[PDB]
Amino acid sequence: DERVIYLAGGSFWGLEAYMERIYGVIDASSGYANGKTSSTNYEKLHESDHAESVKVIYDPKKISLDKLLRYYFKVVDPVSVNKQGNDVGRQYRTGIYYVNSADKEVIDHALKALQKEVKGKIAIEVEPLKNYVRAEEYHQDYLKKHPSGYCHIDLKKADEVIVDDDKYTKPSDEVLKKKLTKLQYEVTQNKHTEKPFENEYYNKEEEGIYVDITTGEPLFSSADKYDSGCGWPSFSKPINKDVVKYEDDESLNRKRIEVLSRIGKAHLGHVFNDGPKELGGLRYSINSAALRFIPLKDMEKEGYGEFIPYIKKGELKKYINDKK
């Protein structure tokens, strides 16, 4: 069925508009949560002690509560008390309010993970929803009605891909010796480089996703692939900012930047600053031997269905940008 979670994260105008853009969110509405009364209004907030919140109805088949929270973490200061941006006050406190007992454990785990990486003392409170009142219809869909309205957060973050670092694992070195070809092993494990113009993917122009051949972790979208003329698969950026790592490479009497996968720590290739201007200028020059391409039609079967709308939206954007 459909599930609900209530999120207080400062300005509810931008928050509501943000959550609405997340894939899996059926509806987002503005409101007032966990105050001292059973009903209030926008200029009785300071007395009712309600927090400006967003009621988020989501499809648990399409997005989990855990990933939904991690989208929410991207647009709030998790350590500040009663303040987000320039909005000061108790109605701007951060909080997560649940109506299902089983949601408490998920929320608590997500906050500890968030804390374990951004550090500090997480100020986000966690309580069951006690009393709630839907905001005035003047406040509903506010940024749709006022495209120049106040919005402190970056709504583009809602289009970013989140890749779970715990659903892909690197098999043992002994398993990789049987699962990978000789070439794939040397490239990914010993930093060799396959031959340019003689590898499977450098000239592939097909919609889908490229994953770490050693772990299955998503790495690159077909929407960011382009023809570099260099003979290796070339991308303008990874599928998000978390899946690849960067390291100095001083071999071959050159100085270069090696790119590696986050989970598998596999050698992928290198990143250069000679990519096409209109795509950002970077060239991620990746070995086919480090990648496994999964076409759009196959992504659901292979366990990557939650990334399909992201590949397709990327390919629509590439399609339109071509039309200039």
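Numbering starts at 1 and runs along the sequence shown.
- Stretches 156-164 and 229-237 differ in mean CA B factor, with 156-164 having the higher one.
- In this entry, the higher average B-factor at the C-alpha atoms falls on 83-91, of the pair 83-91 and 242-250.
- When the C-alpha B factors of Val187, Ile96, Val99, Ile213 are read from the deposited coordinates, the top value falls at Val99.
- In the PDB entry, the Cα temperature factor peaks, among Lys265, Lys67, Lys62, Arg256, at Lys62.
- Ranked against the other modelled residues of its chain, the C-alpha B-factor of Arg292 as given in the entry falls in the lowest third.
- Sorting the modelled residues of the chain by their CA temperature factor places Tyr150 in the middle third.
- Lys55 sits in the middle third of its chain by CA B factor, as recorded in the PDB entry.
- In the deposited entry, the Cα temperature factor of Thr169 places it in the middle third of its chain's modelled residues.
- Split the chain's modelled residues into thirds by C-alpha temperature factor. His192 is in the lowest one.
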